[PDB]
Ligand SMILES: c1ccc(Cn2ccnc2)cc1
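Just the one chain here, the form solved without 1-benzyl-1H-imidazole (1BN), laid out as structure tokens.
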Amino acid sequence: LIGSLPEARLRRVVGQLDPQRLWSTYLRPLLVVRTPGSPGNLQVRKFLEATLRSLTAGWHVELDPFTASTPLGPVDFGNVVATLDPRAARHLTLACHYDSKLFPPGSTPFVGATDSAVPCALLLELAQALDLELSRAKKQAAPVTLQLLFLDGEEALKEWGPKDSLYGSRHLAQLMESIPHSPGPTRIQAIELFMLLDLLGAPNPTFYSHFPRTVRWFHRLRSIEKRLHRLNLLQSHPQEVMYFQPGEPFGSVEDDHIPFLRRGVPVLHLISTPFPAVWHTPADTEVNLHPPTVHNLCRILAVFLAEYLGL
């Protein structure tokens, strides 16, 4: 299709992905209890920061720390914000949440492998696999850069009503609205597209377009799935289209995009609906992930990113 990578550039891009790196260097370290305010959450925050700072492209990496009221009293939250080129007029923003949902004491510990350790790991792997190309685009002052958001506090702490959720995204969207950007006028308007990854890594996911505004990008993802299938680049993928489905959504849900959506940001919500079978149970673990699906999604996203940013 027009603006698609030539086959030769596509196979090179896919070949820069390293499945073992994704799994062991980016995913495995996240698979700990990481509820807001916990030591594990702080350790994951520092791991994300250090990993992002290590990329040779030289990202601007900053924390958005704050304290908020919760059903458990005041709790500290910290969003990790990585912007490749902070001088660029606008950016594609890819987002996910790095907290894990708090369960009661004496429960089987919940580590949220699909929700959202896999999303987090995918963003890290994409940034690393495309690091040389991203570095060159920044050095050329490309007018659209890349931003990665690792949001804290997406999950409710006690399922205690509508304000016990989305702590990090609500705070960050309000913060961005207060910060000037050129041309902006604020950092909210710098977001050209907000792509939220959530509930990824289970077998047999299904994705629908939730926002007519951004359906062209949903169609691009679907076309990339079909193309990779026909190129013999997907595993355990017997039908041409499995993940990106046509039609009205099975259902739409509140998530970290909402504070951005409400401020006019265009959103693509890349979330499995129906949710994974393991959703919000302690069986949402590494062993219940489907590795071929994880790597297939990584490949689809890598091609999407290279096409979107002209890498």
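If you superpose the two forms and keep the largest set of C-alpha atoms that fall within 1.5 Å, you have the rigid core. One rule holds for the numbers: they count along the sequence shown, beginning at 1. Shifts are known only where both forms have a C-alpha.
Although not depicted, the form solved in complex with 1-benzyl-1H-imidazole (1BN) is the subject of the following passage.
Checklist entry - If we take heavy atoms and a 4.5 Å cut-off, which stretch out of 40 to 48, 254 to 262, 238 to 246, 61 to 69 is in contact with 1-benzyl-1H-imidazole (1BN) in the entry with it bound? => result Looking at the partner contacts, the answer comes out as 254 to 262.
Checklist entry - Which of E155, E225, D85, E125 has a heavy atom within 4.5 Å of 1-benzyl-1H-imidazole (1BN) in the entry with it bound? => result The residue in contact is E155.
Next on the checklist: Each of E192, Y208 and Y308 within 4.5 Å of 1-benzyl-1H-imidazole (1BN) in the entry with it bound, by any heavy atom, yes or no?
Outcome noted: No residue of the spot touches 1-benzyl-1H-imidazole (1BN) in the entry with it bound.
Next on the checklist: Taking 1-benzyl-1H-imidazole (1BN) as it sits in the entry with it bound, is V81 near enough to touch it, meaning that at least one heavy atom pair lies within 4.5 angstroms?
Outcome noted: Although 1-benzyl-1H-imidazole (1BN) is absent here, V81 would stay clear of it in the entry with it bound, with no heavy atoms inside 4.5 Å.
Checklist entry - Taking the shortest heavy atom distance, is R53 within 4.5 Å of 1-benzyl-1H-imidazole (1BN) in the entry with it bound? => result No - in the entry with it bound, heavy atoms of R53 and 1-benzyl-1H-imidazole (1BN) never come within 4.5 Å of each other.
Item to check | Partner contact for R28 in the entry with it bound: 1-benzyl-1H-imidazole (1BN), 4.5 angstroms, heavy atom | outcome: Taking the distances in the entry with it bound, the answer for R28 is no, it never comes within 4.5 Å of 1-benzyl-1H-imidazole (1BN).
Checklist entry - Taking 4.5 angstroms as the cut-off for heavy atoms, does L172 touch 1-benzyl-1H-imidazole (1BN) in the entry with it bound? => result Flag for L172 set to no.
Checklist entry - Mind listing which residues of 182 to 210 have a heavy atom within 4.5 Å of 1-benzyl-1H-imidazole (1BN) in the entry with it bound? => result Heavy-atom contacts within 4.5 Å come from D198, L199.
Item to check | Large-shift segments between the shown form and the other one, meaning 3+ residue runs whose Cα move 2 Å or more when the rigid core is superposed | outcome: Flagged stretch (3+ res, CA at least 2 Å): just 160 to 162.
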